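J.: Pasting an experimental structure, sequence included:
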Amino acid sequence: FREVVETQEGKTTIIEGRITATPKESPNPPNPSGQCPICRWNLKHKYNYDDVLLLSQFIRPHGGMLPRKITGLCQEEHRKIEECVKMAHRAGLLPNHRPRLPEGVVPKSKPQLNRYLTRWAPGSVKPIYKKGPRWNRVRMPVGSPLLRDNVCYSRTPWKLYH
Amino acid sequence: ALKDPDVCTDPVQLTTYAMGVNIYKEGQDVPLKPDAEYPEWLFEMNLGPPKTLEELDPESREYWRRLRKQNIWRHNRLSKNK
Amino acid sequence: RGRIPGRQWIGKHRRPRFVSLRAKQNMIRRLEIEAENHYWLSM
Amino acid sequence: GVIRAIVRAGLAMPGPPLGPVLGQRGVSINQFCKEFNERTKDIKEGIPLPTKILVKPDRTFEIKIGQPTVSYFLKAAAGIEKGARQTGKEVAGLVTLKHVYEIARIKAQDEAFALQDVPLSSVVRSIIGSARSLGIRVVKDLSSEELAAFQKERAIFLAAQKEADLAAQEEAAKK
Amino acid sequence: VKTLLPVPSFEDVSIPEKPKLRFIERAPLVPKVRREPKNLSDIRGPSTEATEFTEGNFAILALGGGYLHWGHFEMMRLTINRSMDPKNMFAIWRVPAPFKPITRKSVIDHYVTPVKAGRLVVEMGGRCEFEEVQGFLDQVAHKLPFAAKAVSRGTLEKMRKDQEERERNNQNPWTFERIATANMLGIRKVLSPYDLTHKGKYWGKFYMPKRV
Amino acid sequence: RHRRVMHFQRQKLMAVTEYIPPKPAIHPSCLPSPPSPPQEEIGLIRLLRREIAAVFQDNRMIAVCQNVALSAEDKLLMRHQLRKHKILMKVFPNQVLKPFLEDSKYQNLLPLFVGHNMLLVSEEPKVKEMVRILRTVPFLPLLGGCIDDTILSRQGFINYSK
Amino acid sequence: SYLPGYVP
Amino acid sequence: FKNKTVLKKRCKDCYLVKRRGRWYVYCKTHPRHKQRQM
Amino acid sequence: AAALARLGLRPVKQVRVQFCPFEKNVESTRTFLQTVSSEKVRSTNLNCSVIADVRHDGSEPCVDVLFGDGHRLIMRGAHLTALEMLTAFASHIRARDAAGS
Ligand code: FES
Ligand SMILES: [Zn+2]
C-alpha cells in the first residue's frame, strides 16, 4: 500500500509518501470469469459474519469499510460484506481493528455484554415494552436480511426475527 | 426628462446617409459606399429565420451549437415543474 | 390489550388468520391428486 | 467591484437610477457626473452609452466608455423613433445590408468585439438578429421608391396604436 | 465531449381553444333513471370503458374502485389548471359529471361518479413530455379516494406488457384461473361467480397488480 | 388492500397461487457481460479532429499551457495581449486530442495533456514576446511546446527566445 | 492449483 | 426539530443523516430546516 | 477550492510549486496548483504569492509553503494525491492561525 508520514525538524514540516509492500491476489482463481472477487472464488452465499478471514481483506486498519471501486466487488456483495463487518466488530471478532483513540482519552469501564448477529447498533435500540397480541407480535431482529439467500444446510430457513 | 435625440424622417436622406453612424457633434453624416466597395461576405448572410438542425451539416460547429442549445431548453422545461 | 371486537372469526372486525408453510404444501398435495384425476377422465 | 449600466450621453443626473447605485458603493456621485459629461461632450446628447464603472477599495472610480447600443443605430438607420411593441407580427422599419456594414464597422470598435478580435462577418450576423428584436426587417437592397411607401404605411399602424393606447387609458379612468 | 441527442419536436400537435378543464356542476340539472340493472357493482370489477387514450398522451390511471364527488373534481380541476401551461398543455375529462345520488339521513344530498379499476380519470397532452406532467399528476392521484397513478402511452403499454410477461414465465404450475374454472378442490364453494372472470386479480373495489 | 376478511380456504388459494419469478442458476451480473455494441462517432468529435489537424499543420509554434482557474476578466485580458502579438489560445478536449497524438508525429506530447490544458499557437514563433506576457502571473506554468516539429521544454523556449 | 469447484 | 413522516431537504446545506435509529435533517445555515423522522 | 476558500491563506506568505510536466507522476501536483491558483483562493490573501516554476531535471515534484510565523511546509506530491495535499495544507493553516492570535 501507500503510507503518509510527517517529520518536523527545525520548525520545518516535511510531508512525504512512501510505498510499502502490497499484497498480491493468489493465482489461479477457481472461476476466472467472475466479475468480482466473491464469485471468482465461488464464495457467493457461502460466508457469514464469523468468517473474519474473508472480512479482514476488505477493511481498513481502523475497521472502516473499503470503497467498492477499489475492492472491485459488486453492489450486491459489497452491502453483504458491509453488514458482516458491522456484526463482526459487535461480536468482538476483530479486536485488532479498534478505533483510533486520540491522545488524552482513556475509555472507562463499561458493561461487557456478549452479543452476536446484532443488526442494529446497541445504543440506538429502544426496549420492547409491549409485545402486542399474537397476530401482531413485535419481533426482535436477529441477523441481517442481506444474508437471506445464503446456503442453508437445514430444511428450516434462517429465522431473522425472534 | 431624458430622451433619445430626435431622428429625421426623410426617405432620401436615410438611404443616402445613416444618422446613427455619426455620434460626434462636430462630425458629419457618413454617405453609403457603392455596392462594389463592400466585401463579398456581406450579401450572402441569412437574413431570414435561423437554419434548422436538418439543414445544418453535422461536421460543423453551428450544427452542434443548435443541438446543445435545444438540450438546454429540454432541461429547463423538465426543471420548471421541479 | 389486544381485544378483538365482537367474535374472533365472525363479524366485521375478525381475528387475522395466516397461511403457514405446511398449509400451502397440503393444498398443493391435494391439487396434484385432482390434476391427475383430470387426466384419467380424458380417455 | 464592477458595475455596468446604460447612461445617456451628456445627460447624467445625480438622482435615480444610478444615483443610489453609486451611493451604496460610496463613490462620489458628482465626480462621476462631471467626468462623464465632459468626456462624452463630443458625443451627441441623449445617445445611450453602455458605461462600465470600476470600483476601487478606496472609493475611486475609473469610468470606461464604449460604443452606443445597436438598437440606437438600427432605429436611426430606418428612421424609427420607437420600436415595434410586438416584433415579428408587424415590421417597424427597414434597413439594408449597406447600413448594417457601416454600423458593424464602428460597433466592432467597442471593448467586447475588440478583445475577441472576431472577423467583421460575425459582427454583421449578430446585428441581423438584433433588428429582428425591434421588428425591423433586413433586406439586401432598398430604393427610395418603396422606402417612402412602407414608412407611409407604418404611420397608419402607429396612428392605430394611438387609438388603442388611449382607449385603455380612458377605460382605466372609468374603473 | 458530451454525447448530445436530438430532442423531439411537438410542432405538429394542436392545442384546443380551451386547454383548461371545464367547470364540473355539483349536481345534474334534471335527474334521470339509469338504464343499468338495479343490481349494480359500479365500483367492483375491471372497467369496460374509457380504458384507452383518445387525444392526449398522459393520463391518471385508476387502480381501484370508488366514488368521485364534487370535491374530488374541484381538487383535480384547480390543481391541474394552476400547475400546467395552457400554451403547451391541455386536459379533458374522461369521467362524466356526478350523476348517482347518495341519500343519507342526518340525525338525495350529493351526487357521485363511480369509477372502476383500469379507467382513465383525467387525460392530458400537448407540447410537453411525461416528466413535466408526472409531477402534479402524482400529486393529484395521491388525493383521489382510490389507488391512482399517472401513466402515459408508453408507461401504460409497458405495464400491460409486464403483466403479460409475468403470466407466461410464471414458474408456479397452479394458477387462480385454472383452479377456479375446473372447480379443483371444490373451490367454487368459497369463490364468487364474478371470480371466474376476474381470475383473482380483484377483491371488492381493490385491484391487485401482482396477481397473475 | 385486503379490506374484507377473506375466507381461509380462499386465503390459502391466494397464497398457493402466487407468482414465482424464474430464478437463473447463475446470476446474470456474475456472468461476463457481452461487449457493448459499437456506436457511430459523434459529428462534433470528428469535427474537432479536422480542426486539431489544421492547428498542428498551419502554425509551427505550439505552446502547451495549463489553463489555471484565472478570473474571466484576467484570462480575457491576457488573450487580448497575446492577440496583439498574433498568439492564439486554442483549447480542445483531451479525450479527442490525446487519440489524435497517439497516431501522429507528435506522439511524445501525451503526458503534457493532464488536466486543464490550453494551446498557444502562432504562425511566427514569437517566443520572446509570449514569455514576458506569461511572466505577469508567476502561477501560470508553461509545460512545453513544439517549434518546427521539434519537441522542447520550457527551458528551450527561454533559450530559443535568447 | 485450484479446481473449478473449489471454495475457500 | 420537527417530526416529519417524509423528510425533505429545504436548501442546499441540508444533509440527511442516520442517528439513533432514525433519519435526521441537519442544516447549520438554516436552523429551522432541522427535521426528525416520526 | 471551495473548501479552501472558506479558511483563507491569512498566515501564508509564499507558495511555490515545482514539477516536471513530461514525467507521469505530477498529475496530483498540477491539480494542487490548479486549485491554489484559483480566483477564490487568491482573492482571500493578495499578499500571499503563488509561484509556479517549471523544471526538466527529472526530479520528484514538491511544494514549499512559507508562513508568517517562519515555519515551512514541504509536501512532496510524487506519492500524494491532490486531496491529501489539500487536507494536510489546510490543517496547517488552522494551527498557524491559532498560534498567531
Ligand atoms: S459479480 Fe458475482 S457475486 Fe459479485
Ligand atoms: Zn437548510
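T.: Noted; the coordinates are in hand. Numbers count the residues shown, from 1 in each chain, chains lettered A, B, ... in the order given. Ligands and ions are numbered 1, 2, ... in the order given.
J.: if you look at the host helix or strand of residue E:137, does any of it touch chain B?
T.: Using DSSP states H and E, residue E:137 sits within helix E:130-142. Yes. For helix E:130-142, a contact with chain B is found by C-beta under 8 Å from any C-beta of the partner chain, at E:131, E:132, E:133, E:135, E:136. Every C-beta, even on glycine, is put in place using the N, C-alpha and C of the backbone.
J.: Generate a ChimeraX selection restricted to the buried subset of the residues you listed.
T.: Applying 16 or more other C-beta atoms under 10 Å in any protein chain shown to those leaves a buried subset, and the ChimeraX line that selects it is:
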select /E:132,133,136
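J.: Dump the residues of helix E:130-142 next to chain B into CSV; add distance to residue B:19 as well.
T.: Shown next, in CSV, are the residues of helix E:130-142 next to chain B (distance: C-beta to C-beta, whole Å):
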residue, distance to residue B:19
E:131, 52
E:132, 48
E:133, 52
E:135, 53
E:136, 53
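J.: from the residues of helix E:130-142 next to chain B, which is closest to residue H:2?
T.: Sorting the residues of helix E:130-142 next to chain B by distance to residue H:2 puts residue E:135 at the head of the list, at 24.2 Å, by C-beta to C-beta.
J.: so what's that closest one closest to, chain neighbours aside?
T.: By the measure of C-beta to C-beta, 6 or more residues apart in numbering or on different chains, the closest residue to residue E:135 outside its immediate chain neighbours is residue B:81, 4.3 Å from it.
J.: so how far is residue F:32 from residue G:3?
T.: Summarising the geometry, the distance separating residue G:3 from residue F:32, computed by C-beta to C-beta, to the nearest Å, is 20 Å.
J.: oh, I was asking about residue C:1
T.: 57 Å.
J.: do the same with residue F:8
T.: Distance, residue F:8 to residue F:32, by C-beta to C-beta: 49 Å.
J.: Residue A:85 reaches residue A:59, doesn't it?
T.: Yes. Between residue A:85 and residue A:59 there is a contact under C-beta atoms under 8 Å: 5.8 Å.
J.: who touches the nearest residue to residue F:58 once chain neighbours are set aside in this structure?
T.: Nearest residue to residue F:58, sequence neighbours excluded (C-beta to C-beta, 6+ apart): residue F:123, at 7.1 Å. Residue F:123 is in contact with F:58, F:59, F:60, F:61, F:86, counting by C-beta atoms under 8 Å, 6 or more residues apart in numbering or on different chains.
J.: thinking again about what came up before, CA atoms only for the helix holding residue E:137, dumped as CSV, please.
T.: As requested, C-alpha coordinates have been extracted for helix E:130-142 and formatted as CSV (Å, rounded to 0.1, in the frame of the first residue of the first chain):
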residue,chain,number,x,y,z
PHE,E,130,-44.2,12.9,-19.4
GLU,E,131,-41.7,14.1,-16.8
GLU,E,132,-43.2,17.6,-16.8
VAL,E,133,-46.7,16.3,-16.0
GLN,E,134,-45.6,13.4,-13.8
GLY,E,135,-45.1,15.9,-11.0
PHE,E,136,-48.5,17.3,-10.3
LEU,E,137,-50.4,14.2,-11.7
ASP,E,138,-48.9,12.1,-9.0
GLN,E,139,-49.8,14.8,-6.6
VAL,E,140,-53.4,14.8,-7.9
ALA,E,141,-53.5,11.0,-8.0
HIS,E,142,-52.4,10.9,-4.3
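J.: how about residue D:93, what does it touch?
T.: D:74, D:75, D:77, D:78, D:79, D:80, D:134, D:135, D:136, D:137, D:151, D:154.
J.: Let me have these in a markdown table, adding neighbour count as columns.
T.: Conversion of the contacts of residue D:93 to a markdown table gives the following (neighbours: other C-beta atoms under 10 Å in any protein chain shown):
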| residue | neighbour count |
| --- | --- |
| D:74 | 25 |
| D:75 | 24 |
| D:77 | 27 |
| D:78 | 31 |
| D:79 | 21 |
| D:80 | 23 |
| D:134 | 21 |
| D:135 | 19 |
| D:136 | 24 |
| D:137 | 18 |
| D:151 | 18 |
| D:154 | 19 |
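J.: Quick one: the helices in chain F, in order.
T.: If DSSP state H is used as the criterion, the helices of chain F fall at F:8-16, F:43-58, F:72-84, F:94-102, F:127-134, F:154-161.
J.: Quick one: residues contacting the residue in chain D that chain B sits nearest to.
T.: Using C-beta to the nearest C-beta, the single residue of chain D nearest to chain B is residue D:76, 3.0 Å away. With contacts defined as C-beta under 8 Å, 6+ apart, residue D:76 is in contact with B:7, B:18, B:19, B:20.
J.: Let's see that with 10 Å instead.
T.: Contacts for residue D:76 (C-beta atoms under 10 Å, 6 or more residues apart in numbering or on different chains) come out as B:4-5, B:7-8, B:14, B:18-22, D:47, D:68, D:93, D:95, D:99, D:103.
J.: Equivalent analysis for residue F:4, please.
T.: Counting by C-beta under 10 Å, 6+ apart, residue F:4 makes contact with C:12, C:14, E:203, E:204, E:205, E:206.
J.: Could you rerun that using 7 Å?
T.: For residue F:4, the contacting residues are E:203, E:204, taking C-beta atoms under 7 Å, 6 or more residues apart in numbering or on different chains as the criterion.
J.: How about residue E:206?
T.: Residue E:206 neighbours (C-beta under 7 Å, 6+ apart): E:64, F:1, F:3.
J.: So which elements touch the helix holding residue E:137?
T.: helix B:61-81, strand E:58-62, helix E:70-83, strand E:148-152 (3 or more C-beta pairs under 7 Å, 6 or more residues apart in numbering or on different chains; DSSP states H and E).
J.: angle of the longest one against helix E:70-83?
T.: Here helix B:61-81 points in a direction 150 degrees away from that of helix E:70-83 (axes from the mean of the first three to the mean of the last three C-alpha atoms, to 10 degrees).
J.: all strands of the chain, in order?
T.: Picking chain A for this. Listed in chain order, the strands found in chain A under DSSP state E are A:2-9, A:12-19.
J.: wrong chain, I was asking about chain B
T.: Secondary structure of chain B, counting by DSSP E: strands at B:17-18, B:30-31.
J.: Run the chain-centre distance for the last one.
T.: If I follow you right, that is strand B:30-31. 20 Å (C-alpha atoms, centre = their mean, to the nearest Å).
J.: so does that strand get close to chain D?
T.: Yes. Part of strand B:30-31 sits near chain D under the criterion C-beta under 7 Å from any C-beta of the partner chain, namely residue B:30.
J.: who does that strand pair up with?
T.: Strand B:30-31 pairs in its sheet with strand B:17-18 (antiparallel), by DSSP bridges.
J.: The closest residue to chain E within chain H: neighbouring residues, count only.
T.: Ranking the residues of chain H by distance to chain E (C-beta to the nearest C-beta) places residue H:6 first, at 11.5 Å. The number of residues packed around residue H:6, counting by other C-beta atoms under 10 Å in any protein chain shown, is 7.
J.: circling back: buried among the contacts of residue D:76? Need that as a selection in ChimeraX.
T.: Under the burial definition 16+ other C-beta under 10 Å, those of the contacts of residue D:76 that qualify are selected in ChimeraX by:
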select /B:4,7,14,18,19,20,21,22 /D:47,68,93,95,99,103
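J.: What's the separation between the residue nearest the centre of chain G and chain H?
T.: Centrality entry for chain G: nearest residue to the mean C-alpha point is residue G:6, 2.2 Å, by C-alpha atoms, centre = their mean. Residue G:6 is 39 Å from chain H, where distance means C-beta to the nearest C-beta, to the nearest Å.
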